[PDB]
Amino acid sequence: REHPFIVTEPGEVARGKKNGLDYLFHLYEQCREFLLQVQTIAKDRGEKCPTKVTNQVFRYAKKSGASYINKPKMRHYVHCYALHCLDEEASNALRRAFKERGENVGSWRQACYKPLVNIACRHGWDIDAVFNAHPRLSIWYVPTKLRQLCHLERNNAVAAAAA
């Protein structure tokens, strides 16, 4: 079992039997590389080429010895990686704030939604288009909860701001 994550500030190495948030974001980068490898082979074999991280990519990671990668964990933190990709400055500031407050990873994770919803609001509430416009982020399915919040907020927007 991998060591649990804790909230770290940018560049910080986590002390003890813990992993930091930069390590977390690095896992997404490693997954992206595994997708590139799956795509290379699919195209060479004339097979349908995936454009997203899929079960196939996770199996490929495991086969390549990257056991510490697993689907539930990667899907769980995807919106956190999203914020890091889309507004690294805000991501860094949120990390510093939550570290200072001694918040745990679950709480920091929850706080990551709000700024993403705000980014969505600034793009006609099109969260899919937000993900797809960022090269690193475009390979990740939009998480259910994030999509629901963006929709809840757009409705409140059309409602409150129609009176």
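Numbering starts at 1 and runs along the sequence shown.
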I need to verify one thing: averaged over C-alpha atoms only, is the B-factor higher for 59-67 or for 28-36? 59-67
Read off the CA B-factors in the entry, average them over 69-77 and over 87-95, and name the higher stretch. 87-95
Using the B-factor values recorded in the entry, state whether the Cα atom of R136 falls in the lowest, middle or highest third among the modelled residues of its chain. middle
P143 - which third its CA temperature factor falls in, relative to the rest of the chain: lowest
Please rank the C-alpha B-factors of the chain's modelled residues and tell me whether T51 sits in the lowest, middle or highest third. lowest
Which third of the chain holds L116 when residues are ordered by C-alpha B factor: lowest, middle or highest? middle
Here the Cα B-factor of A160, set against its chain, lands in the third termed highest
